[PDB]
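S.K.: Hey, dropping coords_4.cif in here, mmCIF, N, CA, C and O atoms:
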```
data_work
loop_
_atom_site.group_PDB
_atom_site.id
_atom_site.type_symbol
_atom_site.label_atom_id
_atom_site.label_comp_id
_atom_site.auth_asym_id
_atom_site.auth_seq_id
_atom_site.Cartn_x
_atom_site.Cartn_y
_atom_site.Cartn_z
ATOM 1 N N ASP M 1 0.840 -1.185 0.000
ATOM 2 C CA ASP M 1 0.000 0.000 0.000
ATOM 3 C C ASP M 1 0.885 1.248 0.000
ATOM 4 O O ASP M 1 0.431 2.336 -0.353
ATOM 5 N N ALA M 2 2.132 1.050 0.400
ATOM 6 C CA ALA M 2 3.085 2.146 0.450
ATOM 7 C C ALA M 2 3.527 2.498 -0.971
ATOM 8 O O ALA M 2 4.075 3.574 -1.206
ATOM 9 N N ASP M 3 3.272 1.570 -1.883
ATOM 10 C CA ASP M 3 3.636 1.770 -3.275
ATOM 11 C C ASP M 3 3.025 3.080 -3.775
ATOM 12 O O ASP M 3 3.483 3.644 -4.768
ATOM 13 N N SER M 4 2.001 3.528 -3.065
ATOM 14 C CA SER M 4 1.322 4.762 -3.424
ATOM 15 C C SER M 4 2.193 5.964 -3.055
ATOM 16 O O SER M 4 1.865 7.100 -3.394
ATOM 17 N N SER M 5 3.287 5.673 -2.365
ATOM 18 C CA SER M 5 4.208 6.717 -1.947
ATOM 19 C C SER M 5 5.017 7.212 -3.147
ATOM 20 O O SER M 5 5.536 8.327 -3.132
ATOM 21 N N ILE M 6 5.099 6.360 -4.158
ATOM 22 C CA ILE M 6 5.836 6.697 -5.363
ATOM 23 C C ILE M 6 5.022 7.695 -6.192
ATOM 24 O O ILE M 6 5.579 8.434 -7.002
ATOM 25 N N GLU M 7 3.718 7.683 -5.958
ATOM 26 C CA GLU M 7 2.822 8.577 -6.673
ATOM 27 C C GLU M 7 3.045 10.022 -6.222
ATOM 28 O O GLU M 7 2.727 10.960 -6.951
ATOM 29 N N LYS M 8 3.589 10.157 -5.022
ATOM 30 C CA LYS M 8 3.857 11.472 -4.464
ATOM 31 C C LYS M 8 5.042 12.101 -5.201
ATOM 32 O O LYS M 8 5.192 13.322 -5.214
ATOM 33 N N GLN M 9 5.853 11.239 -5.796
ATOM 34 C CA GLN M 9 7.019 11.695 -6.533
ATOM 35 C C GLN M 9 6.589 12.445 -7.796
ATOM 36 O O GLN M 9 7.344 13.259 -8.325
ATOM 37 N N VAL M 10 5.379 12.143 -8.241
ATOM 38 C CA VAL M 10 4.840 12.778 -9.431
ATOM 39 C C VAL M 10 4.689 14.281 -9.179
ATOM 40 O O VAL M 10 4.689 15.074 -10.119
ATOM 41 N N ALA M 11 4.564 14.624 -7.906
ATOM 42 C CA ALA M 11 4.413 16.016 -7.518
ATOM 43 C C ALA M 11 5.764 16.724 -7.639
ATOM 44 O O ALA M 11 5.819 17.942 -7.800
ATOM 45 N N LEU M 12 6.822 15.930 -7.555
ATOM 46 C CA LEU M 12 8.169 16.465 -7.653
ATOM 47 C C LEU M 12 8.471 16.813 -9.112
ATOM 48 O O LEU M 12 9.319 17.660 -9.389
ATOM 49 N N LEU M 13 7.760 16.142 -10.006
ATOM 50 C CA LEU M 13 7.941 16.370 -11.430
ATOM 51 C C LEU M 13 7.287 17.696 -11.817
ATOM 52 O O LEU M 13 7.665 18.312 -12.813
ATOM 53 N N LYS M 14 6.317 18.099 -11.009
ATOM 54 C CA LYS M 14 5.606 19.344 -11.256
ATOM 55 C C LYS M 14 6.501 20.522 -10.866
ATOM 56 O O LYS M 14 6.325 21.632 -11.367
ATOM 57 N N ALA M 15 7.441 20.241 -9.977
ATOM 58 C CA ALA M 15 8.362 21.264 -9.514
ATOM 59 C C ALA M 15 9.396 21.545 -10.607
ATOM 60 O O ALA M 15 9.978 22.628 -10.653
ATOM 61 N N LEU M 16 9.593 20.550 -11.460
ATOM 62 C CA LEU M 16 10.547 20.677 -12.549
ATOM 63 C C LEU M 16 9.953 21.572 -13.639
ATOM 64 O O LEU M 16 10.688 22.198 -14.402
ATOM 65 N N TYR M 17 8.629 21.604 -13.678
ATOM 66 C CA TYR M 17 7.929 22.412 -14.661
ATOM 67 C C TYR M 17 7.988 23.897 -14.295
ATOM 68 O O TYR M 17 7.822 24.760 -15.154
ATOM 69 N N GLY M 18 8.223 24.148 -13.015
ATOM 70 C CA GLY M 18 8.307 25.512 -12.523
ATOM 71 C C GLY M 18 9.469 26.261 -13.176
ATOM 72 O O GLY M 18 9.516 27.490 -13.148
ATOM 73 N N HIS M 19 10.381 25.489 -13.750
ATOM 74 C CA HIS M 19 11.541 26.063 -14.409
ATOM 75 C C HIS M 19 11.107 26.755 -15.703
ATOM 76 O O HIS M 19 11.840 27.581 -16.245
ATOM 77 N N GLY M 20 9.917 26.393 -16.158
ATOM 78 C CA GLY M 20 9.376 26.968 -17.379
ATOM 79 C C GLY M 20 8.896 28.402 -17.143
ATOM 80 O O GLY M 20 8.709 29.161 -18.092
ATOM 81 N N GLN M 21 8.710 28.728 -15.872
ATOM 82 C CA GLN M 21 8.255 30.057 -15.499
ATOM 83 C C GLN M 21 9.341 31.091 -15.797
ATOM 84 O O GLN M 21 9.048 32.274 -15.963
ATOM 85 N N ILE M 22 10.574 30.610 -15.855
ATOM 86 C CA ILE M 22 11.706 31.478 -16.130
ATOM 87 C C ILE M 22 11.649 31.936 -17.588
ATOM 88 O O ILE M 22 12.217 32.970 -17.941
ATOM 89 N N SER M 23 10.959 31.145 -18.398
ATOM 90 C CA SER M 23 10.822 31.456 -19.810
ATOM 91 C C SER M 23 9.715 32.493 -20.012
ATOM 92 O O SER M 23 9.689 33.190 -21.026
ATOM 93 N N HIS M 24 8.826 32.562 -19.031
ATOM 94 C CA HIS M 24 7.720 33.501 -19.089
ATOM 95 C C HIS M 24 8.175 34.863 -18.560
ATOM 96 O O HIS M 24 7.488 35.867 -18.747
ATOM 97 N N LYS M 25 9.329 34.855 -17.911
ATOM 98 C CA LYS M 25 9.885 36.076 -17.355
ATOM 99 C C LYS M 25 10.231 37.038 -18.492
ATOM 100 O O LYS M 25 10.389 38.238 -18.270
ATOM 101 N N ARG M 26 10.339 36.477 -19.688
ATOM 102 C CA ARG M 26 10.664 37.271 -20.861
ATOM 103 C C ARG M 26 9.413 37.976 -21.387
ATOM 104 O O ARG M 26 9.512 38.940 -22.146
ATOM 105 N N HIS M 27 8.264 37.469 -20.964
ATOM 106 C CA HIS M 27 6.994 38.039 -21.383
ATOM 107 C C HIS M 27 6.763 39.366 -20.658
ATOM 108 O O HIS M 27 5.999 40.208 -21.126
ATOM 109 N N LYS M 28 7.438 39.510 -19.527
ATOM 110 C CA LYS M 28 7.315 40.721 -18.732
ATOM 111 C C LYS M 28 8.061 41.860 -19.428
ATOM 112 O O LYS M 28 7.747 43.031 -19.221
ATOM 113 N N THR M 29 9.037 41.478 -20.238
ATOM 114 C CA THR M 29 9.832 42.453 -20.966
ATOM 115 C C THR M 29 9.030 43.029 -22.134
ATOM 116 O O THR M 29 9.290 44.147 -22.579
ATOM 117 N N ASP M 30 8.072 42.241 -22.598
ATOM 118 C CA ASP M 30 7.229 42.658 -23.707
ATOM 119 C C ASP M 30 6.219 43.694 -23.211
ATOM 120 O O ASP M 30 5.678 44.467 -24.002
ATOM 121 N N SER M 31 5.995 43.678 -21.905
ATOM 122 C CA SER M 31 5.058 44.608 -21.296
ATOM 123 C C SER M 31 5.673 46.007 -21.238
ATOM 124 O O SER M 31 4.953 47.002 -21.154
ATOM 125 N N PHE M 32 6.996 46.040 -21.283
ATOM 126 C CA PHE M 32 7.716 47.302 -21.237
ATOM 127 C C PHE M 32 7.614 48.040 -22.572
ATOM 128 O O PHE M 32 7.883 49.238 -22.646
ATOM 129 N N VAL M 33 7.226 47.294 -23.596
ATOM 130 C CA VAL M 33 7.087 47.863 -24.927
ATOM 131 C C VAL M 33 5.926 48.860 -24.930
ATOM 132 O O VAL M 33 5.853 49.730 -25.797
ATOM 133 N N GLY M 34 5.048 48.701 -23.952
ATOM 134 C CA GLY M 34 3.894 49.577 -23.832
ATOM 135 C C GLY M 34 4.317 50.984 -23.405
ATOM 136 O O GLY M 34 3.553 51.937 -23.556
ATOM 137 N N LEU M 35 5.531 51.070 -22.881
ATOM 138 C CA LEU M 35 6.064 52.345 -22.432
ATOM 139 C C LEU M 35 6.361 53.225 -23.648
ATOM 140 O O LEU M 35 6.439 54.447 -23.530
ATOM 141 N N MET M 36 6.518 52.570 -24.789
ATOM 142 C CA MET M 36 6.804 53.278 -26.026
ATOM 143 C C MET M 36 5.579 54.057 -26.507
ATOM 144 O O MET M 36 5.179 55.039 -25.884
#
```
Take the structure I supplied and represent it as structure tokens, if you would.
M.R.:
Amino acid sequence: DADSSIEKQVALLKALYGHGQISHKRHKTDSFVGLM
């Protein structure tokens, strides 16, 4: 029944996706174009 403990690791994979947020940080730079 502890085998379900491995399913919790799937949540750790979601933390790896958070690295994609760094790519969205470039979208904030596009917002500065509005200053023009």
S.K.: Put a box with edges along x, y and z around all the listed atoms of range 9-15 of chain M, pad it by 4 Å on each side, then give me its centre and sizes in Å, one decimal, as JSON.
M.R.:
```
{"center_x": 7.2, "center_y": 16.9, "center_z": -9.3, "size_x": 13.6, "size_y": 19.4, "size_z": 15.0}
```
S.K.: Work out how far atom N of residue 7 in chain M is from CA of residue 19 in chain M, in Å to one decimal.
M.R.: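 Computing the Euclidean distance for CA of residue 19 in chain M and atom N of residue 7 in chain M yields 21.7 Å.
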S.K.: Could you write out, as a list in words, all the residues of chain M that DSSP marks as alpha helix (DSSP H)?
M.R.: residues 10, 11, 12, 13, 14, 15, 16, 17, 21, 22, 23, 24, 27, 28, 29 and 30 of chain M
S.K.: What does the distance between CA of residue 18 in chain M and atom O of residue 1 in chain M come to in Å, to one decimal place?
M.R.: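 Interatomic distance here is 27.3 Å.
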S.K.: Work out how far apart atom C of residue 15 in chain M and CA of residue 32 in chain M are and give it in Å to one decimal.
M.R.: 27.9 Å
